[PDB]
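Taking it in order: structure first as structure tokens, then the write-up.
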Amino acid sequence: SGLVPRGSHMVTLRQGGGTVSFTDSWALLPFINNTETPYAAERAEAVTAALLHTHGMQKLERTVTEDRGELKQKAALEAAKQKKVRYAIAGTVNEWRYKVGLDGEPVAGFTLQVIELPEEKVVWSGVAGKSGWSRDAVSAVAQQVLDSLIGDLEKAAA
Amino acid sequence: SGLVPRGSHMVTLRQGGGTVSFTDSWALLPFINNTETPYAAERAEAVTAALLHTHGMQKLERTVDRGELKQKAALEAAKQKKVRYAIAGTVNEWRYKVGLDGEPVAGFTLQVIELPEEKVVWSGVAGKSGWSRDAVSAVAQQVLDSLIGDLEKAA
Amino acid sequence: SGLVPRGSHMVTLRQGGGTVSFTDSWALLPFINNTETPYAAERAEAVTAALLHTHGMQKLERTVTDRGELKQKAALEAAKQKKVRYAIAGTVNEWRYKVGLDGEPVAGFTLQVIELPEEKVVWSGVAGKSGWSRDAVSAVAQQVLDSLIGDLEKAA
Amino acid sequence: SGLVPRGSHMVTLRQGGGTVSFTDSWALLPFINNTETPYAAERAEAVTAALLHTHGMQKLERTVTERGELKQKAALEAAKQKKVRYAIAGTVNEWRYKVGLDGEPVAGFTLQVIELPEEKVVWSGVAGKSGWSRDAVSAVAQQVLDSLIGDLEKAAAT
């Protein structure tokens with residue numbers, strides 16, 4: 001035996017006033033990497049950018065690549081202020097790994113904050129995570145989790 | 001200005017070994033309604049039936065708080081019909097919760113039962129509350145789709 | 001027969017600051033009631049107040065009188081117009097005895113701590129629980145609020 | 001500015017109308033260890049045993065130890081030969097102090113209560129918790145197992 005359940009959780013919260021618009025001006029900051037997996041922040045950012053475009057966010061300021069990235073993210077927030085973007089997405093990778101034990105479980109987790117600029121007010125935030133089955137890649141579990149979060153942001157954007 | 005987070009949760013468990021083929025012979029039992037919403041189980045069974053077709057479960061027998069006798073009746077009907085796997089489902093939540101705004105809520109517990117031994121080969125619990133614009137059935141369909149999607153990820 | 005799992009979940013976030021807490025000046029605002037149970041917000045405030053005392057918060061300012069949102073705005077100014085450093089803002093998300101196959105008490109809450117010079121949220125928590133038939137809703141609520149408060153205490 | 005939420009989750013499921021009694025004959029099997037933490041199953045078993053006694057379960061068969069799957073099967077067989085009514089079969093899913101932006105001790109467990117001799121599962125539970133940096137992993141584990149054992153007690157009736 002061995003009991004190895006799989007699971008996924010997501011919590012999101014909307015604050016502020018009226019709707020936030022995906023047609024407004026957006027920035028996607030560098031992710032902070034809170035895992036032992038090198039380059040998880042960069043892969044999380046690439047997956048997130050592609051999902052945002054898919055969901056219809058065309059005007060998305062991004063930061064070319066190149067340490068957990070706290071300073072890069074702070075500096076990118078300042079760059080978004082100077083570019084006069086309305087909303088910045090600040091993301092942290094909480095988990096990104098292929099746990100091997102009795103079987104294989106890819107895990108991925110993220111926390112996302114949407115910050116309205118210039119006032120630096122959080123208008124939405126979300127936390128989600130998922131563990132998969134042995135045949136799933138970590139990248140597919142991460143894409144699912146970020147798809148749920150962005151799908152929720154779009155709905156909660158009202 | 002209340003804080004009303006939205007959330008979803010899913011936990012699933014595979015207990016036996018070996019494959020579970022969606023091409024084999026399947027049965028979707030009637031659902032048990034554990035809500036104050038009349039016909040929650042009928043709506044759930046119908047949504048569940050449509051999703052299993054989409055996921056490629058082509059041989060799917062169907063037959064015919066409330067519902068506990070009907071489900072007991074239908075698994076024997078399933079065993080006597082020689083279907084290999086029965087899906088026993090319960091509706092844990094199905095309502096449009098009205099408060100500061102609208103939160104549709106739906107939740108379910110599913111068990112796959114291998115026949116004739118009657119061993120639970122997979123089970124899952126999941127639930128989700130969504131935003132005001134969503135209908136309960138759309139939330140329900142999402143929850144049921146995640147469950148069915150997880151079940152499929154078992155060979 | 002029917003399969004009705006019970007469950008609890010808690011998520012908690014320290015939004016920023018490497019500060020501390022607790023023997024400072026604290027305010028427990030009135031709760032917002034996002035349930036169909038009358039008095040849920042008052043009951044939730046009284047349970048939280050007791051738990052806060054139990055967890056050492058000796059200096060705690062309190063406020064006297066889908067509902068309750070306007071009162072909570074008013075109390076945040078009282079703490080603001082007083083010297084209050086930290087304000088606890090709570091919402092009751094769930095408070096009912098769900099009657100299906102069997103009894104199922106359910107309680108859930110969202111809490112934020114606001115640092116009250118400049119209204120910065122330094123901690124937020126959401127938690128909820130459903131119990132077994134022989135548990136009272138109030139006992140389930142106290143367990144959930146105790147988990148949130150004990151977490152807030154450890155996150156400092 | 002990284003976002004590192006802390007969290008705990010528990011899901012339990014009762015299957016069967018019979019009242020299970022803590023004054024009955026019980027066995028605690030060796031845990032299965034689905035982590036990379038040495039001795040995590042042995043420590044899980046010892047915490048669980050002390051919590052069960054605390055919750056009033058005085059007649060508790062235990063196994064002396066030498067991922068543990070064969071040990072758990074053999075102990076289930078020995079419990080049957082001892083004519084115990086209920087065997088607790090546990091898996092350690094997580095037990096580690098994760099070091100990222102800060103420390104997070106993490107523990108998680110899946111428990112099954114098996115009624116013998118029929119080998120029917122009358123209760124099952126999964127729970128997990130990530131804590132704050134000043135917390136020890138064993139304190140997080142003890143909290144998680146106490147929540148599971150407290151739920152089994154309440155679910156069991158008497």
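Chain letters run A, B, ... following the sequence lines, proteins first, then strands; residues in each count from 1.
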Could you walk me through whether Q113(A) and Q15(C) pass the side chain to side chain donor-acceptor pair (under 3.5 Å) check?
CA-CA 10 Å; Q113(A) 259 195 158; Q15(C) 280 253 189; 2.7 Å; yes
May I have the step-by-step check of salt bridge (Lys or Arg N to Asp or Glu O under 4.0 Å) for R6(A) and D136(A), ending in yes or no?
CA-CA 12 Å; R6(A) 265 65 173 191; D136(A) 305 322; over 6 Å; no
Exam field: side chain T90(B) to backbone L3(C), donor-acceptor pair closer than 3.5 Å
yes
Strictly distance-based, threshold 3.5 Å: is any side-chain N or O of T37(C) a donor or acceptor partner for the main-chain N or O of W95(C)?
yes
Kindly determine whether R96(C) and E104(C) satisfy salt bridge (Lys or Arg N to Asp or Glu O under 4.0 Å), including the steps that lead there.
CA-CA 8 Å; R96(C) 67 167 178 161; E104(C) 187 173 352; over 6 Å; no
Please give me the minimum heavy-atom distance between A44(B) and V91(B), naming the atom from each residue.
CB-CG2, 3.7 Å
Can you list the steps and then say if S132(B) with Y96(B) is a side chain to side chain contact (heavy atoms under 4.5 Å, CB included)?
CA-CA 9 Å; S132(B) 292; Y96(B) 196 83; 3.9 Å; yes
For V20(A), side-chain contact (heavy atoms from CB on, under 4.5 Å) partners two or more places apart
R14(A), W26(A), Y87(A), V123(A), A157(A)
Can you confirm whether the side chains of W133(A) and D103(A) place a donor and an acceptor under 3.5 Å from each other?
no
Answer yes when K99(A) and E94(D) have at least one side-chain N-carboxylate O distance shorter than 4.0 Å, and no when they do not.
no
Test of understanding: with side chain to side chain donor-acceptor pair (under 3.5 Å), list the residues that count as partners of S8(C), not counting sequence neighbours.
none
Tell me, with the steps shown, if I89(A) and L112(A) meet side chain to side chain contact (heavy atoms under 4.5 Å, CB included).
CA-CA 7 Å; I89(A) 298 153; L112(A) 260 43; 4.2 Å; yes
Can you tell me if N93(D) uses its side chain to pair, donor with acceptor, with the backbone of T110(D) under 3.5 Å?
yes
In terms of ring plane angle, is the pair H9(D) and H9(C) parallel, tilted or perpendicular, where the classes change at 30° and 60°?
tilted
Polar contact flag, side-chain donor to acceptor under 3.5 angstrom, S21(A)-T23(A):
yes
Backbone N or O of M57(A) within a donor-acceptor pair of the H53(A) side chain at under 3.5 Å?
yes
Contacts of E36(D) that satisfy side-chain contact (heavy atoms from CB on, under 4.5 Å) - sequence neighbours left out:
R67(D)
